[PDB]
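What follows is calculated from the coordinates using simple rules that are stated; it is not laboratory data. Neighbour counts run over all protein chains shown; Cβ positions are idealised from the backbone, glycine included.
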Amino acid sequence: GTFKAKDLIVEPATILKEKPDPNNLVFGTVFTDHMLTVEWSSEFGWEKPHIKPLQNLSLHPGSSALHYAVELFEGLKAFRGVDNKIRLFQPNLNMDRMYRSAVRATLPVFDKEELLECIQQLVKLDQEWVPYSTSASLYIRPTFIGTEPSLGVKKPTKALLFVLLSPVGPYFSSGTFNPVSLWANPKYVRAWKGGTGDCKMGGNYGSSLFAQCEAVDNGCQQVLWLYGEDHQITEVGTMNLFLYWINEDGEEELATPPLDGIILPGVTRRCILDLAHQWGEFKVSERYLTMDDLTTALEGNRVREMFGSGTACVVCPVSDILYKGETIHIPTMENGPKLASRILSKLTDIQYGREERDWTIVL
Amino acid sequence: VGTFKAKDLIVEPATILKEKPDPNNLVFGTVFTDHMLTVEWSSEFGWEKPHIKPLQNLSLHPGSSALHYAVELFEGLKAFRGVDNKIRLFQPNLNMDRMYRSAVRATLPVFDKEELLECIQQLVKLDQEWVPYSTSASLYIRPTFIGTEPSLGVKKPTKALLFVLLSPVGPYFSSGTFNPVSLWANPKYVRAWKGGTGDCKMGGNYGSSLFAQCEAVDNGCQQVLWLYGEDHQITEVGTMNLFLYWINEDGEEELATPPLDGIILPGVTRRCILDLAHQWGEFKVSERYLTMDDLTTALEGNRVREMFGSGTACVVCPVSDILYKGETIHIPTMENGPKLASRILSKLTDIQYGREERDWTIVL
Ligand SMILES: [Mg+2]
Ligand SMILES: [Mg+2]
Ligand SMILES: [Mg+2]
């Protein structure tokens, strides 16, 4: 049925690496000393979980992860609080999303509580990698791949679940948010109804690289994902999309696309919606937003802020959109950004223990 | 923007050779030969020299982008031992073309197509006793290209691995008759979308299909009929192209297949079948949209002769039944010969095994 944290076999590294300067860190480039691995087969089920030194995987070249993208991942973070206790943030939501992704991948199910405990054991061993800074954190990358050594397209009879750790630094520079410009070309689609875009399966990402390179060489930084005949705004890069504006009815509104199958249900997205409801200061709407809705609002000076949301950076303000040849300015930064900054402050307060709330777990 | 070169091949022969399988008990994709081709790439130094070496595990940094973001693609083609004992490839330059276009779309580094093909030929030549001694088995060739970027950002890879595996494959049919397949047709799943990568052989197009295939077998079916759009266009069958031999709505006999409008993989077998059928000039050949409604209208109508899938492994695969909206719909493929399917199978097979010449084959 499942591996068990009580069976953990731990092989410590005998040489330890020096830690990076948290302020000089690129996301996903530096790894800690150890990793978690757990093997599965249909014949014997789950093997015992191992923590061992970071090393290459040994994979049969026919492994289905390499041929048919039988893989999924997660992302969550460990935070060194102002009281020096290490916290995780809503990790159970990630365990939930990962399990669902595994079912949809036909990867073997596991006990979410045991995985969580194994990750905590790994973070505990490598806890010195959790930076001494309230603008840096330790990124946790659970990954799950088919290692079926046969070329049939089929449910894997072998798999590997592993966890990597990677320190992540601040996304601010010169004291402020560093806004992004987006490339909006409806020729590309990220996800479609009946597809797998609401799951964190590897398959959804390989096809985005071409569009990202096109964004870059037009001097944008990220892609604005459009969908349907009406050019709905869905996501920004690998982040969920929020729009703070005066809506059609002249009402102040925080809007985000609904979970209708083509939106990844981000943890950050869920938390922001919970905050905004609790505050009760403006309307909170999961609703469709089109490029027309947006360009109209802009002409009528009704847009206050646009930002992405995701684990790594929390929130990411948008300053410009390149669409049908014209550079459209978004006034996010000229408006503070008031709401983006409030959300970043509130989320980080919770993550670093400045505010105690049950969204976090110590250890 | 360079290439590895066949001239530079470094060959490390296996000291211990494995016993070949019985041609008549082969399961696709299960048994591998003694050697493999590997070629390393980096943005810093470009392509390394190609290696032929013993089949062995890959050693990948766990951050490799193939494992996280499906930065990967593959191909599939075959080698055949002819009636004259010469080993042939079939239309391989088409596989090289498709592989190249797949690499571009995946943002993996380009290479020279002729150089890859040549390296594949040297691999096969080394492992040539693995090309089955059988008139209905062949050697399946699996070129694979993966991103091995050791970093978690979603980006164009700065490291990659190109490799090739060889795998004997046997007949799909025995004692002179096809084994037809039944299809599960549920419009809730969508294989591919306009503006997506369904017309490339990128790994990410396949991961999403396991769940539907499992749902198919849990319903007694063997394969998925992939439907698209509000009018339920029939597109592909499993990982095969879809052909329909019928009397069309104008009362003409027609071979029909969905057009290459972005959601269809351009199969080599598909191309060959269309080429043959255009050349025969005995019925109308139409790249055209086909819907579940067209299909069921034609059946209650007795206008359908045959439906079949096409693909490199089995060549052609007759369809006997479709499960759609609770209903089992019989397709009369097997009660109509299946003449056209048998003809295509004989014709392509004759070409592949050298019983007939057409400049569609290359001798090793
Ligand atoms: Mg989309
Ligand atoms: Mg996704
Ligand atoms: Mg969103």
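Applying the Karplus relation 6.51 cos²θ - 1.76 cosθ + 1.60 with θ = phi - 60° to region A:85-93 yields 3J(HN,Hα) values of 8, 8, 10, 9, 10, 6, x, 5, 5 Hz, where x marks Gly and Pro.
Only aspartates and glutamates eight or more places from B:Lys18 in sequence, or on another chain, were considered; those with a Cα closer than 17 Å are B:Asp34, B:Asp127, B:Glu129. Amide hydrogen proximity for B:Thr30: with H placed 1.01 Å from N in the peptide plane, the residues at 5 or more positions away or on another chain lying under 5 Å are A:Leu151.
Counting charges near B:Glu254 (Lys, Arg +1; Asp, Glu -1) among other residues having Cβ under 13 Å from its Cβ returns a value of -4. A simple charge model with +1 on the Cβ of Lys and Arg, -1 on the Cβ of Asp and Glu and nothing else charged puts the dipole of region A:180-350 at about 560 debye relative to its Cα centre.
Within the listed set A:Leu16, A:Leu243, A:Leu88, the Gaussian network model of chain A (springs between alpha-carbon atoms below 10 Å) gives the highest mean-square fluctuation for A:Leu16. Evaluated at q = 0.12, 0.19, 0.21 Å⁻¹, a Debye calculation over the C-alpha positions of region A:1-118 (equal weights, vacuum) places log10 I(q)/I(0) at -0.58, -1.42, -1.58.
Taking region A:141-223 on its own, what percent of its Cα-Cα pair distances exceed 18 Å? Result: 67 percent of Cα pairs exceed 18 Å. Between the beta carbons of A:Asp349 and A:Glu128, assuming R0 = 25 Å, the FRET efficiency works out to 0.55 to the nearest 0.05. Looking at region A:85-239 alone, DSSP beta bridges between its own residues are antiparallel in about 90 percent of cases. Within the shell of other residues whose beta carbon sits under 11 angstrom from the beta carbon of B:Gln56, the net charge comes to -1, with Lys and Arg scored +1 and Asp and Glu -1. Short-range pairs are left out: with C-alpha atoms under 8 Å and at least six residues apart, the relative contact order of chain B is 18 percent. Proximity of backbone amide H atoms, modeled 1.01 Å from N, is registered between B:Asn241 and B:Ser310 at under 5 Å, excluding neighbours fewer than 5 places apart on the same chain.
Mean-square fluctuations from a GNM of chain B, with a 10 angstrom spring cutoff on Cα atoms, peak among B:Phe163, B:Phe308, B:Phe211 at B:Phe211.
Backbone phi angles across region B:311-324, fed through the Karplus curve with coefficients 6.51, -1.76 and 1.60 (θ = phi - 60°), yield HN-Hα couplings of x, 4, 5, 9, 6, 9, 9, x, 10, 10, 8, 10, 9, 9 Hz in residue order; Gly and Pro are listed as x.
The GluC sites (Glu not before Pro) of region A:143-239 that meet both conditions, a loop assignment by DSSP and at most 16 other Cβ atoms within 10 Å of the site Cβ, are A:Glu229.
A simple rule links phi to the HN-Hα coupling: the Karplus curve 6.51 cos²θ - 1.76 cosθ + 1.60 with θ = phi - 60°, which for region B:21-26 gives x, 5, x, 8, 10, 9 Hz, with x for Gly and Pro. Work out the charge dipole of region B:6-171 with +1 on the Cβ of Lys and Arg and -1 on the Cβ of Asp and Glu about the Cα centre, then indicate which of B:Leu60, B:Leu161, B:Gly76 is farthest towards its positive end. It is B:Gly76. Taking other residues whose beta carbon is less than 12 angstrom from the beta carbon of A:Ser41, and scoring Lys, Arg as +1 and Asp, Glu as -1, yields -3. Considering only A:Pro12, A:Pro142, A:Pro257, the Gaussian network model of chain A with Cα springs below 10 Å gives its largest mean-square fluctuation to A:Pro12. Cross-link check: pairs B:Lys194/B:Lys339; A:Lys4/B:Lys20; A:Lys77/B:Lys159; A:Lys193/B:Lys201 evaluated at a Cα-Cα cut-off of 29 Å; pairs beyond the cut-off: B:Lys194/B:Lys339; A:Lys4/B:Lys20. Annotation: the antiparallel percentage among DSSP beta bridges lying fully within region A:180-350 is about 70. Counting only Cα atoms, the size of chain B along its three principal axes is 62, 51, 37 Å, in decreasing order. In a reduced charge model with +1 at each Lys and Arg Cβ and -1 at each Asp and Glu Cβ, the protein assembly as shown shows a dipole moment near 1520 debye about its Cα centre.
Backbone amide hydrogens, once placed in the peptide plane, bring B:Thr361 within less than 5 Å of B:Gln91, excluding anything fewer than 5 places away on its chain. Only helices enter this figure: runs of n ≥ 4 DSSP H residues, each worth -39500 (n - 2.57), summed and divided by the residues of the protein assembly as shown, yield -6500 deg cm²/dmol at 222 nm to the nearest 500.
With both partners inside the protein assembly as shown, how many of the DSSP beta bridges are antiparallel, as a percent to the nearest 5? Antiparallel: roughly 85 percent of the beta bridges in the protein assembly as shown.
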